[PDB]
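Residue-level structure breakdown
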Amino acid sequence: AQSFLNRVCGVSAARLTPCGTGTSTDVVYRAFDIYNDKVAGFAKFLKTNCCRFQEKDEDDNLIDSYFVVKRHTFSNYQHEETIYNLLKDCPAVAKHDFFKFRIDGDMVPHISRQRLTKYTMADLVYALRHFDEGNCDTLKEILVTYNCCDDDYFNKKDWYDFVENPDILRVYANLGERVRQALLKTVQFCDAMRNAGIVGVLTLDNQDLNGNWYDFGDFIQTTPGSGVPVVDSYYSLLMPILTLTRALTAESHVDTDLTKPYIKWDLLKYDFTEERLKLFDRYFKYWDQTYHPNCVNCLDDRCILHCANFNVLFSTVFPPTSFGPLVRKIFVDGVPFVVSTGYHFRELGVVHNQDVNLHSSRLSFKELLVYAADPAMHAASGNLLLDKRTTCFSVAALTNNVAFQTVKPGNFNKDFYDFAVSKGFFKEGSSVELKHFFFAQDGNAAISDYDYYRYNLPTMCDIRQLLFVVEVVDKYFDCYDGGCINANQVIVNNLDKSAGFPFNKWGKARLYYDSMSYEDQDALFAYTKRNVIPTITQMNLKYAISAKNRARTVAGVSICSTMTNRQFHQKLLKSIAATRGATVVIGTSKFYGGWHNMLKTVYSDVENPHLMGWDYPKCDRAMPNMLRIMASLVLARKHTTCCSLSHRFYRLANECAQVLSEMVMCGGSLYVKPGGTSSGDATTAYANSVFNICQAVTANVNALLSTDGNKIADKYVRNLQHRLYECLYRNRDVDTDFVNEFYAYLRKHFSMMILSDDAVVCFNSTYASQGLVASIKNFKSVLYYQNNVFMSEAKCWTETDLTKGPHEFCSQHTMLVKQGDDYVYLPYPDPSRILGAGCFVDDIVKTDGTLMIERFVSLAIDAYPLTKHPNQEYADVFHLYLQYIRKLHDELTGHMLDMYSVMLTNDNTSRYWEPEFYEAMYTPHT
Amino acid sequence: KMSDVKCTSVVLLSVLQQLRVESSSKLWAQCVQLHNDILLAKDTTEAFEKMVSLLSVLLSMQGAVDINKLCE
Amino acid sequence: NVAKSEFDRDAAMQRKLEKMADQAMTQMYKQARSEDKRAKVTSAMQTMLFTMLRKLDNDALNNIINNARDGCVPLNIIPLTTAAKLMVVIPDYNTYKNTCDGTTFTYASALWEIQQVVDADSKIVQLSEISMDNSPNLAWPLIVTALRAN
Amino acid sequence: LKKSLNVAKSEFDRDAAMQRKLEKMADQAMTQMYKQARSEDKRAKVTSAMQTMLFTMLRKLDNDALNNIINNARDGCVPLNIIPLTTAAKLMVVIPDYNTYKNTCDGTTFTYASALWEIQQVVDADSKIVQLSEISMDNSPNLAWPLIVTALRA
RNA sequence: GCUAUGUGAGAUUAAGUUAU
RNA sequence: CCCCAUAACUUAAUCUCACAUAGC
Ligand SMILES: C[C@@]1(F)[C@H](O)[C@@H](COP(=O)(O)OP(=O)(O)OP(=O)(O)O)O[C@H]1n1cnc2c(=O)[nH]c(N)nc21
Ligand SMILES: [Mg+2]
Ligand SMILES: [Mg+2]
Ligand SMILES: [Mg+2]
Ligand SMILES: [Zn+2]
Ligand SMILES: [Zn+2]
């Protein structure tokens, strides 16, 4: 009817075009943040009331202005009228119009909301948090409107990859001011509610993409001045979007206006605590949990995470030159040094060293080692550097020249290649071809590989979700014993590796382990628990075979860091490597039936098993700066007796300073690492494992919450979803009962082999089909908004049949073979990798095969399971290696008869070209 | 044949590195880009072209004598 | 028959103490070597620390630490404010056109009078050879060394 | 009845085992000395060995472009820059005598590396751009014969 | 009991080497 | 200049345990 349209637009002079048909309602499929006694989650539902009416401009062009006329019961209508009349004067409330219109004989009460956008903040956060490259129409439309793109940006191939086309960081950032205005408007709304006495729960789906608020159905009226808005779910689900769109970029300008110039900020100023408090009180005014700008004042690890995400959000406003070690001019023997006297973290705030000696007369070995590892004397006594080759912050150039390091090509073993060719290998059309080589690099290699930390962005996490993910991960990390150990009990393998910078200039780590007595090491470790010691880490180019042209660099962390980290973390990290049958499979050998043991361990009791895996693209350089902190906190939870709160916090601060916010020395100059783990700290593998358990438990959590609870048939998992939403966004303390629960649920329906950065998942098929456990799409969506990377489908694999093992775990393929009278799983590698290792070696001594029958026994040990592969070319490499070993031995004997007269008392060399020696290493008897 | 090209390119780059081509950064970058491209090639016709381009870096400059290396 | 002590204690037990006596001698020699290594590394780190304090330029660093309220300043501003030499690495001629100039440019306030330009080969680069026409004929991780002009 | 061939079973194993350790130590020393001689010989003759290996694989390739470039470089035409592959970019190649000229450049074409290159600037030893004239059978006293031909790819 | 010798099983300890 | 961690092989010693034999 036309009269209904005329009644919808009353006093306001608006030209409306129906968005449906007639006076009937309009069905939309939008995301909702719902919490009832029947359903509770953040999923997409069908809303079937609401007669939408799009407004067209004077020139008959449709704009983003809709008049949603909700139809509901009379009681809700008259209650919402009263609440709106109480909240009429707020500038963040959508213009409501209440009228009754006769539809078919019954005057249905109508609640008309004027000039609100098509989508809400719930839709935006769902699109950016449940991203699917196929079904991304809502995100595409949101980008087309509120002009960010031109509807042609989506014609690009990888327009969302965050690695390919890194310009997706903008196009998103253009929504930052919209989100910031929404935050200001919700703060205004909360102020109005508190000053008017209405108590209610704020939800994202009740705020459009302009900041206006509506739906006052679930609002109760109390005494004026005593309103209690609930902003847990709203802010918590909004947190990950506050950093993708960079909402707090307007706060870097003079009057917080995007047109005005930037604020200058004193170069010397480093505190930034009052500014952080002002930002919190402006944007998160009604977040009832206490926020500490400096994490040193936190209670136990929970304000650490909670206030750390706020700090990482707020630190994007402050200049990047104020984050780093805080130096102070101390006087030793009357000579003024410049040494660190604290640290200013982007997450931990300002941390000050507790033991300071302004006036010193003599420096011991511990003090000399601490001062020599500090970057203060190196950066201060160095020329200023402006390195335009990278976007990372450049501090200083220690030396007056820039060092360019090139990678030498590998050496060619022509004898082995000729032997292989003589044995019918490397033929046109053969399934086994050389694909692993020693790729060489030019001078601009180390710096080019270092300039991949640009993929690491300041990521703000969902604390109301992360604070439960951490509990589930801690449950996964139970049955382990850890704590602090003395220098007597520290086990170090291969003492003389590097000793780190600047300690490379005087010797290896053996020198610093022998020069420092046990009491000296204990004193240094105790000093770490009360002070912050920043260290310099050197980047070194790897020299190893690979199938990709990408260069690889390894971070050589200073010995001053490794010595303390070992004493901190070798009580753990060794029970993890000595525990068999757990989720983490670090330390479990693949020989003597180990592969079969782990595979049957994770097959467990899943009802409808499939297999699933991933590779975490751009790891070690896209890891969020918060998830590494969470990892270090999880590994530090085995310290409730040995360490106090202050000691644990200072150890965490030391680890962040010398691992996370470390000063990377690439070439001959010092840079600043934006974040991410270090490849060579003390816990890279275990930190990666705990980070992998996270974002998988998170994937399960937000795949179980994003399911329509009304469509779930089972009454147990539905109640589990309800209680999970309760424990996430409505409960403050840890519910240990429901942490043991849902962990039993994961172990029953989601079994994992969590090795460092590598995982194999045996999950229930029918639960993933109904969206009750994590899947490939859910894991990809999780990585999109909590890793700043897009995980390609080609990097993932799945298996619908368990008679064939994982498609690829630890670069080893799995096949089911008959060993004796029982079927076992044997890991066989890529034959191209073994052939390339046999052909391309690192040095020229290794080209002489006679000098090394060894390393060929070792390559044949790993290549034995290929002999049972159905492919003949795959099976022939083992025989090739055995024949080459025999040839090497016989030509060594010939050389000994030519050079010498005496042969060799051998007869223990024949086992090395017989299949029995290598077969015995896969039979489970040793 | 790729097995005979992707290996002789490695040998050529090793020889060039041995006779101090890394001193000239431009030449080293060009001859390392060619070597990496040969190692990732998929058609022998376009791999022999890059093999030719990787050669004539040793032959252009009279560092290594050539007449005696071909006595066979 | 009763001469066991003549070869089981006069030739074996009298040799048993020699074994751990000798390993104790080796242990004390290795401990002396470790102490010497400790002394030499101590004297090396002390010399390093006492050597790179003379380069601190203790006339513009004392002027910025004293200006601090608590006495602490970020480390990342010490080179920006006190260093008398600037090294700029230029990957392409466009960067040189934008982020550099002729004999004088300006980075982090200041005024940096260029003293020399050098290439990846680290031999030399003349200031008149850096042009769009001559750019391809140059190795282009160019290092520009400039001095603060005051 | 014992202690005649019986006592010489534990004392006979004494000197025999001692000889066994002596032989074992001698063999270990011999193999260590061998593993050194060979390793140091390898690392001494690296350049010549790598060059010979390279030029053996080059003939085992049995190509045409490589077999033309190397044949020219034996006793004549060698390039001055990296051979370009795109249809653009120039290639300068010395021509050290008349025969190398006539084997390669015949007239506006250049052969070389299994392609045919069109010549652009036949500059002499010093710099005199020689027009295609005295480079004929008539006594060519074209300066020092290195007639660097600059040539573009067709 | 007493040394003497070999034996195998480890375990321990470094060194070399591969794989992840 | 050349990282952390795990597994495996190979060599070489050691502390023995245990077994066996011989002499006393
Ligand atoms: C680089 C890492 F820190 C990553 O945390 C993780 C896997 O990272 P990775 O390299 O497999 O993945 P990558 O980022 O390349 O992924 P793509 O680019 O292919 O997408 O183990 C580490 N790691 C890998 N090799 C080494 C090594 O030798 N030494 C040490 N100490 N650590 C290593
Ligand atoms: Mg609503
Ligand atoms: Mg409602
Ligand atoms: Mg990876
Ligand atoms: Zn706190
Ligand atoms: Zn502790």
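Residues numbered from 1 in each chain as written, not as in the entry; some residues may be left out. Chains lettered and ligands numbered in written order. Heavy atoms only, no water. Residues with missing side-chain atoms left out of burial classes, pairs and counts.

Per the PDB record, this model was obtained through cryo-EM at a reported resolution of 2.98 Å.

The next subject is the protein's contact with RNA strand F. If you check the shell around RNA strand F, you find 36 residues, and the closest are A:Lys497, A:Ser498, A:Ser589, A:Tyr592 and C:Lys4. Counted by atom, the contact set of RNA strand F within 4 Å of the protein is 86% sugar and phosphate. A:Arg566 is positioned such that a nitrogen or oxygen atom in its side chain is 3.4 Å from a phosphate oxygen of RNA strand F. A distance of 3.1 Å separates a sugar or linking oxygen of RNA strand F from a polar atom in the side chain of D:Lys24. Broken down by secondary-structure element, the contributors of at least two residues to the surface near RNA strand F are strand 20 (553-556) of chain A together with helix 1 (12-44) of chain D. (Near = heavy atom within 4 Å. Polar contact = N/O pair within 3.5 Å; in protein donor to acceptor, adjacent residues only side chain to side chain. Helix = DSSP H or I, 4+ residues; strand = E, 2+ residues; numbered from the N terminus.)

Taken together, 19 residues sit near RNA strand E, with A:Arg833, A:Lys846, C:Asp8, D:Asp13 and D:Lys21 positioned nearest. The contact atoms of RNA strand E, taken as those within 4 Å of the protein, divide so that sugar and phosphate hold 91%. Between RNA strand E and A:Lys846 there is a distance of 3.1 Å, counted from a phosphate oxygen to a side-chain nitrogen or oxygen. Of all the secondary-structure elements, those providing two or more residues to the surface near RNA strand E are helix 27 (831-839) and helix 28 (856-862) of chain A together with helix 1 of chain D. With five residues, the top contributor of residues to the surface near RNA strand E is helix 1 of chain D. Classifying every residue of the surface near RNA strand E by side-chain character gives four nonpolar, three polar and twelve charged. (Nonpolar A, V, L, I, M, F, W, Y, C, P; charged D, E, K, R; others polar.)

Our next topic: the coordination of the magnesium ion (ligand 3). Residue and element names in this part refer to chain A. Protein-derived ligands of the magnesium ion (ligand 3) are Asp215 (OD) and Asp215 (OD), with the metal-ligand distances lying across 2.2 to 2.3 Å. A spacing of 4.5 Å is found between the magnesium ion (ligand 3) and the magnesium ion (ligand 2), which share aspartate 215 as a donor. One can find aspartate 215 in the loop between strand 8 (198-199) and strand 9 (220-221). (Donors = N, O, S within 2.8 Å, 3.2 Å for Na, K, Ca; no water.)

Attention shifts here to the environment of A:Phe439. Tracing the chain through its elements places A:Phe439 in the loop between helix 11 (414-422) and helix 12 (446-450). By relative accessible area, A:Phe439 is classed as buried at 8%. Each C-alpha atom of the pair A:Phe439 and A:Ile545 lies 7.3 Å from the other, and the pair is 106 residues apart in sequence. Filtering out sequence-adjacent residues up to four positions away, A:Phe439 remains in contact with A:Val407, A:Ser546, A:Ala547, A:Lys548, A:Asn549, B:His35, B:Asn36, B:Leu39 and B:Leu40. (Buried < 20%, exposed > 50% of the residue type's maximum accessible area, 1.4 Å probe, protein only. Contact = heavy atoms within 4.5 Å.)

So, on to the environment of A:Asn309. Residues and elements named next belong to chain A. Position of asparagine 309 relative to the elements: it lies in helix 8 (residues 302-314). Its relative accessible area of 0% is what places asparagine 309 among the buried residues. Residues within four places of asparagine 309 in sequence aside, it is in contact with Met239, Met460, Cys461, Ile463 and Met626.

Next up on the list: the side chain of A:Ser669. Residue and element names in this part refer to chain A. You can see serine 669 is positioned in strand 23 (residues 669-671). A relative accessible area of 6% places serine 669 in the buried class. At 3.0 Å, the side chain of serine 669 and the side chain of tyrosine 671 are in polar contact. If near-sequence neighbours (up to four positions away) are discounted, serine 669 is found in contact with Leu385, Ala396, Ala397, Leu398 and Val664.

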